[PDB]
Amino acid sequence: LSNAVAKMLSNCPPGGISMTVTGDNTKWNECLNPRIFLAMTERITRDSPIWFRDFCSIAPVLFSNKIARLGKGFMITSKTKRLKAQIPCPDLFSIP
Amino acid sequence: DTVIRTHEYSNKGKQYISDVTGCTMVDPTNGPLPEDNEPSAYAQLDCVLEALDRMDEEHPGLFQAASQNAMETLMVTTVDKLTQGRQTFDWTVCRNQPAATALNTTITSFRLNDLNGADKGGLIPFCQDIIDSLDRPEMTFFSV
Amino acid sequence: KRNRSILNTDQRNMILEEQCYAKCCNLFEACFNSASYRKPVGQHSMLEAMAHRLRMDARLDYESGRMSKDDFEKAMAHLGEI
Amino acid sequence: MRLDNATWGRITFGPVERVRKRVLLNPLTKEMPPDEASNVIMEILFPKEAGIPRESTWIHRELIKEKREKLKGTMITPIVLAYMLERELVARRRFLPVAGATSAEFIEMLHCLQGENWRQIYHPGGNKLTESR
Amino acid sequence: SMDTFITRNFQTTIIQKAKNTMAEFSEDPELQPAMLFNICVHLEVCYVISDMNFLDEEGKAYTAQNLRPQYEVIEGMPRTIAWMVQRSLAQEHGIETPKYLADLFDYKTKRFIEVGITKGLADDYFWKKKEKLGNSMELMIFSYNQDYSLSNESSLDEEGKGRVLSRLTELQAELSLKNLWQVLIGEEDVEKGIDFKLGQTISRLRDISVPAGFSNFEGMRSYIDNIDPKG
RNA sequence: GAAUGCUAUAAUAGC
RNA sequence: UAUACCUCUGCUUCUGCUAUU
RNA sequence: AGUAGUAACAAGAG
Ligand SMILES: [Mg+2]
């Protein structure tokens, strides 16, 4: 980075202005799509043998049909009775 | 929240039902370009490719140069490679377990479905068994 | 000492599964000392590997004079059962 | 022994331009690739379970014999002896901020050698190579 | 074909223990049966030399209670087992380990033995394998035209030397009887392609896992492979 | 007058 | 019911990926 | 009560 900054700094045209955008991307995971990653492997492995083009293709294919497990669930309680119970994710729509 | 948001940024995309899982699939790719600065998942394949073509022109042969090494590595890569990844989801018990155990439980289970590719020791023939295991009409596994 | 929360739950079972693999490995390491240092390679059986090594060990232990006839007979007899 | 049979000069206060370079952290008895190094250790500790005799086997026959003769009458666990040799045959080579000192026997003391704004003259002990000289 | 031939002649021991030696080198037993037969004969010839050759507690050779042979069959045993055995023997008796993997070892002679089977001349094939070894192993070459070429110090007795040359010609005749002798004569070469074929399920998942404006994966592949998206 | 590329149970960084 | 004023447990009540290696 | 803070602990188990 020290080397990169130095070159891109000195390469600035005389009279011009060099500006650095301290940058962050929002919803990086939520927005980045598997099918685009599939395209990338296909385009990158263009010269590779047909088996290895396919081998790579699988990982993005699994991620484009992937299923998210919802973890433990939600805990419901009565303050009066002093009772608590974990509602498992399968039984989420078991209660109104 | 993640599950909602992921679909909140893809909702204007192509929605369909998977005839494999039966799941509600949403596809934003090649979708309508954004009207505002709310997060957008609607990436355009052509633009992704053009970007990579420029990258390949700027870095000639890099793609095949990498692909070669990545491929030659895979051929040398053994199965035990998978036994160095902390807690991994084990499908036999549907709980997280140590990478080393999660694998063992999969190898033991595969053998019962006549899948011994593991035994060859290379990663490729074990991986072959994983994408074959999807074709099995029923999958058997030990449970104590 | 290992967290023994496991002793209360039905996961107990796994300790036996472990203490089995442990036995098989620990003994394999007594046959091949290099196993601790470098990953052993082979698509053949662990039993096959251990058998052949011990079979040689016994023969060379006898022919060298580290082992006696009475012991060698026992060695080849016991290995014979496998 | 190096730290003990060393001589310390003067500290100097002034600007030091430290440069981030891939240096050797620990002096080796003899440098080999991990593959070659591993095959040597096998010949020293676990002769029977060595595998295919390689050219390397002959190239370090002096080192193998020397080490085998030196570790002969010990009761320490082979696995420790194995990593102790690996430590002084396999190279620990990592990026560090250095300034006019690259020799391993200097790099090991790098923390005491300088900071951004000061410098410490330090002469280690034992021996120094004519190649490094 | 050779597939049905080897089943009749050789026992399941020699069949499998050759297929493992072939498997270790990563070559298909069915797609190269010429290479299978070569190793099968190579293995069967070696076992016949050690079959009844036993040693007593004094240290003398005799023909067959007792569980200690005169020879050590290295050919057949998996690489890492074979090498352990080869190194174990060398270091014990106190001789240098040969750089190439040996076939047999004589406990009375205290020397390694290299066995070879050749289509042409046994005398010519002796000098061919003399370039690599030199005097590391005591060669013992044979061929199908009743021709033997052993080392100056040959431990193989006259009664033993026959059994080899009998089985060498008996099988060679059995190949000429079934008209499969011609299969081994012709040159056989094939590079074992690292094939990784997709099932039906995973192939379907890939087809539904495509960007919008595509029928199936084939379509997406050809698009990325062919068309130019500049502008 | 240069190199030698790796591969922890800690901590940090980003997701 | 009971043994139980007993017995067992104190990250195992789901802790990921990539880098610094 | 309190800790704490988008959900828990304020013992769990045979
Ligand atoms: Mg961000």
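Counting neighbours? That spans all protein chains shown, and the Cβs are built from the backbone with ideal geometry, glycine included. Bear in mind that the values in this text are calculations on the coordinates, not laboratory data.
A few notes on this one:
- Rg and Dmax of region D:21-133, both derived from C-alpha coordinates alone, stand at 17.2, 56 Å.
- Built amide H within the under 5 Å cut-off of A:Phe74, gap 5+: A:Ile87
- Crossing angle, helix C:13-31 versus chain C [Cα axis fit, 0-90 degrees, rounded to tens]: 30
- Each helix, a run of at least 4 DSSP H residues, gives -39500 (n - 2.57); summed and divided by the residues of chain E, these come to -13500 deg cm²/dmol at 222 nm.
- A dipole drawn for region D:12-82 from +1 and -1 charges on Cβ atoms has a positive end, and of D:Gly73, D:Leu45, D:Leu28 the residue lying farthest that way is D:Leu28.
- Rg ratio (alpha-carbon, reference 2.2 N^0.38 Å) - region E:129-231: 2.30
- Exercise: per-residue mean of other protein chain Cβ atoms within 10 Å, C:50-59: 4
- Degrees, to the nearest 10: D:78-87 long Cα axis against longest axis of chain D: 40
- Furthest towards positive pole of dipole, E:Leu43, E:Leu177, E:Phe10, structure part region E:1-192, Cβ charges: E:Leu43
- Within a Gaussian network of chain D (alpha carbon springs, distance under 10 Å), most fluctuating of D:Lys65, D:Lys48, D:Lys21: D:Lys48
- Listed cross-link partners A:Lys7/A:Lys27; D:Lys65/E:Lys110; B:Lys120/E:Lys132; C:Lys39/E:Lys197 are compared with a 26 Å cut-off, the Cα-Cα value being larger for A:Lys7/A:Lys27; B:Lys120/E:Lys132; C:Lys39/E:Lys197.
- For the residues of E:189-201, the average number of beta carbons from a partner chain within 10 Å of their own beta carbon is 5.
- In Å, descending, principal axis extents of the Cα set of region E:1-192: 49, 38, 36
- If you wrap the tightest convex hull around every Cα atom of chain C and split its volume per residue, you get 166 Å³.
- Considering only A:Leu62, A:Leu32, A:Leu83, the mean-square fluctuation computed in a Gaussian network model of chain A, springs between alpha carbons under 10 angstrom, is largest for A:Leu83.
- Beta bridges by DSSP in region E:26-161, antiparallel share as percent, to the nearest 5: 70
- Cβ-based exposure ranking for D:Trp8, E:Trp83, in which fewest neighbours within 10 Å come first: D:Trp8, E:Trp83
- Distant-in-sequence amide H partners of D:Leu96 (H built 1.01 Å from N, under 5 Å): D:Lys21, D:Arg22, D:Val23
- Cα-centred dipole magnitude for chain B, charges only on beta-carbon of K, R (+1) and D, E (-1), debye, nearest 20: 720
- The magnitude of the dipole of region E:1-192, with charges of +1 and -1 set on the Cβ of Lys/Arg and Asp/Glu and taken from the Cα centre, is near 200 debye.
- Residue by residue along E:206-219, Cβ atoms of other protein chains within 10 Å of the local Cβ number 6 on average.
- Counting only Cβ charges, +1 for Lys and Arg and -1 for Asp and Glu, the dipole size of the protein assembly as shown around its Cα centre is about 3320 debye.
- Computed on chain B, with alpha-carbon pairs under 8 angstrom and 6+ residues apart, the relative contact order is 14 percent.
- Amide H partners (placed H, <5 Å) of E:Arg111, local residues excluded: E:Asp106
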